[PDB]
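Next up: just one chain, as structure tokens, the form deposited in one PDB entry.
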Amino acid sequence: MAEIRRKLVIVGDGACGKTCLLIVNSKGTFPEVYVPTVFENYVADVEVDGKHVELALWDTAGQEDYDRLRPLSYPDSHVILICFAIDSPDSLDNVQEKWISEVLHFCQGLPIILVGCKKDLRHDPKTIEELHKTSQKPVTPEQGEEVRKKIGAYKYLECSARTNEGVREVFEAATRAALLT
């Protein structure tokens, strides 16, 4: 009749898992071989709280000219996902140092969901050994929440595209936030 439509943009450091998160949500299977730099614009059907919502998914990047093109993704958004990877504390530090200022510049007043990706790596032995070489460790859930509070984000959620853990909750949270906007 007239489906409810909302727009989502997802941003965050390169290789933090944005495109795979979109693919798993949309297509349902983790891509083991070919991953595009950005997912195709796609409209997701999200069932939340008894409503069918169409959520347009806008993927972004920074390599090449994608940084320059990124601002063209923000207009008329309803919800922003700022992502980092749990196996990369550097990518969490970039949330405050780079991403929040960008998002607030272009999307003042929109709800932001902070998303910790690659949850499956939190106890992964190779990840733990790699990070021990620079006296680092995986991001903890508390660390993610503390960043959420610092940036005024609407919610903090963790997920793993590889195991699919927490993916539905991400998009259900984002849709609920978008419906308020």
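Shifts are known only where both forms have a C-alpha. We number the residues from 1 along the sequence you see. Just so we're on the same page, rigid core means the largest C-alpha set that superposes within 1.5 Å between forms.
Mean CA temperature factor is higher for 27-35 when stretches 115-123 and 27-35 are set side by side in the entry.
For the pair 149-157 and 65-73, the mean Cα B-factor is higher in 65-73. Ranked by C-alpha B-factor against the other modelled residues of its chain, residue 102 falls in the lowest third. In the deposited entry, the Cα temperature factor of residue 135 sits in the top third of values across the chain's modelled residues.
For residue 41, the recorded CA temperature factor ranks within the highest third of the chain's modelled residues.
Split the chain's modelled residues into thirds by C-alpha temperature factor. Residue 56 is in the lowest one.
The form deposited in another entry exists for this protein as well; it is not shown, and the discussion that follows is about that form.
Only 40, out of 142, 54, 40, 49, shows a C-alpha shift of 2 Å or more between the shown form and the other one on alignment of the rigid core. Superposition on the rigid core between the shown form and the other one places the CA atom of residue 154 less than 2 Å from its counterpart. With a change of no less than 3 Å, the CA-CA distance between residue 39 and residue 50 is larger in that other deposited form than in the form shown. Relative to this form, residue 36 and residue 15 approach one another in that other deposited form, with their C-alpha atoms ending up at least 3 Å closer. 33-40, 62-67 are the runs of three or more consecutive shared residues whose C-alphas all shift by 2 Å or more between the shown form and the other one after the rigid core is superposed.
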